[PDB]
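Coming up are structure 1 and structure 2: the same protein chain in two forms, each one given alone as structure tokens.
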Structure 1
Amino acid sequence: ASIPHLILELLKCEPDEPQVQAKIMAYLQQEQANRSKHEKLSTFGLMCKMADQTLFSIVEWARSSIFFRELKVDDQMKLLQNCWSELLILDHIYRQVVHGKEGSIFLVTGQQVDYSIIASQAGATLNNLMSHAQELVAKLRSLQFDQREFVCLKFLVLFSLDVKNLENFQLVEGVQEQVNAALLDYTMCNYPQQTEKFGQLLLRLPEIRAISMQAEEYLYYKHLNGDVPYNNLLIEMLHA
């Protein structure tokens, strides 16, 4: 596997997935254990909690990453506030590609949930979300989306040209230019038989943004009814 040096730099910033899955699983199981039968978290609450924990992991990943760590705090804030949901979605979708299987949903805890259940025990807005998500997963599986391509898309999502009032906008332009070039070099050399892999991967970014927005609206509605676990990171990003 020929890998551009820049991508090797991006990879050194990646955490151990199986480890992260277990740590979050362990913590959730620990909290439910400390609470009474009269304060047990609902499945929805538990899912929100794991999303919050995943967000923390995402913020730590970014905070320690090359390039991003060079930005002033206020710039880091602006970038993360713009893409937090996109990263959560990209994180979820990649997990489906690597650990999931057709017909089921693989959670960050390592738990798997059949789609049939969701289609009969969930509302229209959520099923619509899962459907689109499922479409995206099917496309990445088809392309044999891999870790090198995954980290490139993460940086392209993080360093968004759409973010305004950034002090160091040049760094965003640089990441966009160089990571796009690195991704193209990578796909051309390792998946030559897929002449359009680079382009097909980029076409997924707008779809990821679209799904993230739909996901936010969904959570926002729950938020208004005060049903989402609060006093956490998930809620602050949503309430913003």
Structure 2
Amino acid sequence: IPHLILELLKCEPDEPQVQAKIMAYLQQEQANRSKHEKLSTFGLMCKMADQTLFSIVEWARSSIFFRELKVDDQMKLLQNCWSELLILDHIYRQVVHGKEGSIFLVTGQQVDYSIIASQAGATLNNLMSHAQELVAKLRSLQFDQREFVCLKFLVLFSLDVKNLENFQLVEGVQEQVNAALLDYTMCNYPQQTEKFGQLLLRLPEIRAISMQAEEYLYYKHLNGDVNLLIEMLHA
């Protein structure tokens, strides 16, 4: 394993504790609400991703390379990749813990697909099934954690952000992480000459699914259907 990939794996959060805190927050603010005041299933998912955004920010906040940029550069990177990290984390959770016909939430709760599908609507189901199709290919490619953290840093240190005062590091990490992933998939996965290319090509698809998820959630917010998640959705 390249030592750069080892450095990326250290900034990974304590997932059992992240899931425990999010579940406790929702179990609090849900059983606390009145009978005529319970959250909808779409509302529960919005609060889950809102809490997930908090741990996403704290993850990058203490991650290597990222903790060297000034706060202005940190905000620009996160405001460009926040929905992609949510989709990437959701997709990887279904690759690891996922079972067929089931969706695993950030709280560790397993939901059957056809129940969520009845309430997601036309657009979300197409966005969810497209993401589930990406889960199927990543599963067939043996998508592991070492390649998951590099894809996270490739999304975080996106070349699609500007007004950066230190674009040299963002560009430097992008090329450097890309070279480490190419070396990892080659050394640890011969047999699969298609894996490295197939891995990077999900990024435009994750970028497209996430950007289409933003435009629908913004559509839902203007209709009065949805607060860190909302402030990230603006501008």
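When a residue number appears, read it as a position in the sequence of structure 1, where counting begins at 1. What we label the rigid core is the largest C-alpha set whose atoms superpose within 1.5 Å from one form to the other.
The comparison between structures 1 and 2, aligned on the rigid core, picks out a single residue among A122, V98, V163, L143 whose CA moves by 2 Å or more, and that residue is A122.
Core superposition places the Cα of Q30 1.2 Å apart between structures 1 and 2. Here the two forms are laid over each other by their core, and the C-alpha of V113 is off by 2.2 Å between structures 1 and 2. Fit the two forms on the rigid core and the C-alpha of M77 turns out 0.4 Å off between structures 1 and 2.
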